[PDB]
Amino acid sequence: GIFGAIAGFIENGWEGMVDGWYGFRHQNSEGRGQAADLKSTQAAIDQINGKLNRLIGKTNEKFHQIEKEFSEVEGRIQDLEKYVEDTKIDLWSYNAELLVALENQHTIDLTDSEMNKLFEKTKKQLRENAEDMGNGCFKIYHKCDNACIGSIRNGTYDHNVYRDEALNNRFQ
């Protein structure tokens, strides 16, 4: 991925997370748990559904056309009819090949981006109370119970509440 998160500084995915595409795993004093992040999951799904919406169920109507199979040798005109159809099929086959390759590259990059976005969002939320371990995990330098973890996942974490405790543990 072009952002370096998925298959990057995040070592691997979680087969155990089945209610979301992105999420949090925590270990604190009350145990260890898992929770999916709905907003980032929805953001990736909406973009992929936007791709599907303009590729699926959008066929054009064609009716009377040219003949494309021939039982007799005819020469010039039949050569042109065959050449016209072979030309068209090759150009559409090229369109289809390029389309899928471009879309898949973009899909991998956009899902990698959503993972990086959630990581950056969480990092800025923690301010001076945590340090990036480099593998997608934050070392939080204060007691952070389940309500505290839930406040980070909900976006309501107030870093000033724990700042004095965290700075003391960080900078010994």
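In this text, residue numbers run from 1 along the sequence as written.
I need to verify one thing: averaged over C-alpha atoms only, is the B-factor higher for 41-49 or for 56-64?
Result: 56-64.
Between 31-39 and 106-114, point out the one with the higher average CA B-factor as the PDB entry records it.
In the deposited entry, the stretch with the higher C-alpha B-factor mean is 31-39.
By the recorded C-alpha temperature factor, relative to the other modelled residues in its chain, which third is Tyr157 in?
Highest third.
Would you please rank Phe70 by its C-alpha temperature factor against the other modelled residues of its chain and give the third it falls in: lowest, middle or highest?
Top third by C-alpha B-factor.
Splitting the chain's C-alpha B-factors into thirds, which one does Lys139 fall into?
Answer is lowest: the recorded C-alpha B-factor places it there.
Could you place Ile10 in the lowest, middle or highest third of its chain by Cα temperature factor, using the values in the record?
As the PDB entry reports it, the C-alpha B-factor of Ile10 lands in the lowest third of its chain.
Mind checking which third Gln125 falls in for C-alpha B-factor across the chain?
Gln125: CA B-factor falls in the middle third of its chain.
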